[PDB]
Structure formats: C-alpha cells, structure tokens
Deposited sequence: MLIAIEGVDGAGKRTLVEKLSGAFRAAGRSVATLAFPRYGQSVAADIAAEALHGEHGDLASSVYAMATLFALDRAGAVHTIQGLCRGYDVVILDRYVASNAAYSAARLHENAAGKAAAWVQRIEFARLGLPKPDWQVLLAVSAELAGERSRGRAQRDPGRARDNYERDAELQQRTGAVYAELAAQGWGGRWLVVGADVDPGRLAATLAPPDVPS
C-alpha cells in the first residue's frame, strides 16, 4: 500500500509521517518511508533547489521547467518505490506527485481543474509511469499558517484542498495537525 502525505511547507508533514509510521507498526504493519524531492541524491532535485536560491539564470522562473525537474526526480526513484512496496506492508511518501500539481497551479494562479494540474497528471502518471498512491493525506492548515513567497504558499494550500475535493489522482483524506494516529492507521489500512 502506497500513501502520500501532502501539504504546504511548515504544515507538519514530517511529524505526521512519524506518528503514522508508529501507529502502523503498533498494528503489526511494517513501514518504509521516502521523502521528495530527493535533495542530495537526485541531480534534478539539486538543480531545482539551486534554482530556488537564485542560481541557473532564468530557470526558476519557468513554472513548467521546475515541475519537470521534480518529475524527473521521482522518475529516477520508481524502482526504489516499487522495491519498498514489495518489501513493506506500507510505504509512506513525504510529498509525491500532488505536490507538483499544487505548487505549479498555484504559481500559475490556476485551480485544480486547470491546465497545470492536468499536465502533471498526464506526464507523471500516464507518461513516466509513476505508481498511483492508494491514499493521499492532506495535512490542511490555515491561510495564516500557510503564508507564515507568502501568497504563493497560501494559494498552494487552496489548490491542495481543491485537489482533495476532486479526488485528484485517487482517494484523499483531509486531516489536521493533531490527528488521532491509531484511528488514521485503521482508516488508511483497513
């Protein structure tokens, strides 16, 4: 079973990953985790990071260019993902394909039913063959928390919620920070 944890930076994804991993293991499930982007391993991820810090000329200003780098990062990890899924009861990803849809649409001032989101779905799932998550869990935060570029983050949190409402790429759950971890594990892996 493949689960993706999603949300804006500072939402608290890492803590939720840990709480859920513990809840799963307490129920007898084995768990492996993997975080995107794979900063430090993926050349495409590290070029993207450098672009975010002002390197590589005009690279970061293209929305689709940055999205492509993150997709190439995941494509490089497809064998790892499949290996974990065969070897473990539950694989939890800290960010997956939906992160690309949310930030790309937000940067373009689009919504979840717009072009950017559909482009991501086509290129990452259909073309690159990345495995679809069984669950996408949105750790949803307020506009005030998201902004703390501030506007870009706020628009990303709104797209995320739209993606969850539309069932983009599969089933979603929407949770808050202080989620009941044993209840969530029972819901995700029934």
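Residues of the deposited sequence missing from the coordinate set occupy positions 149-167, 210-214.
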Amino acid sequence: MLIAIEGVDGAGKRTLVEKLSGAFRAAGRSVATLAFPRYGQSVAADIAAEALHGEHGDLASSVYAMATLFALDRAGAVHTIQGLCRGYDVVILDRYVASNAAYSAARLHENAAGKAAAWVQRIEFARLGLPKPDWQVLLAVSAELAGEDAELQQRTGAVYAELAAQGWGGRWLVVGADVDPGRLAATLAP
From here on, numbers count along this sequence of modelled residues.
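For the two forms, the rigid core is made up of the largest set of C-alpha atoms that agree within 1.5 Å on superposition.
Root-mean-square C-alpha deviation from the shown form, taken over all structures in 4 other deposited structures of this protein superposed by the rigid core, is larger for 39-47 than for the alternative among 39-47 and 125-133.
Displacement analysis by core superposition in 4 other deposited structures of this protein ranks 150-158 above the other of 150-158 and 60-68 in root-mean-square C-alpha distance from the shown form. When the other compared entries with both flanking residues are checked, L145 is unmodelled in at least a third. When the two stretches 24-32 and 53-61 are set side by side, the higher mean Cα temperature factor goes to 53-61. Look at the C-alpha B-factors of 166-174 and of 11-19. On average they run higher in 166-174.
When the C-alpha B factors of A71, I92, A98, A112 are read from the deposited coordinates, the top value falls at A112. Placement of the Cα temperature factor of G157 within the chain: lowest third of the modelled residues, per the deposited record.
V137: CA B factor in the lowest third of modelled residues in this chain (values from the PDB entry).
Annotation for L188: C-alpha temperature factor in the middle third relative to the rest of the modelled chain, per the entry. Among the modelled residues of the chain, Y88 sits in the middle third by CA temperature factor in this PDB entry. In the deposited entry, the Cα temperature factor of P131 places it in the middle third of its chain's modelled residues.
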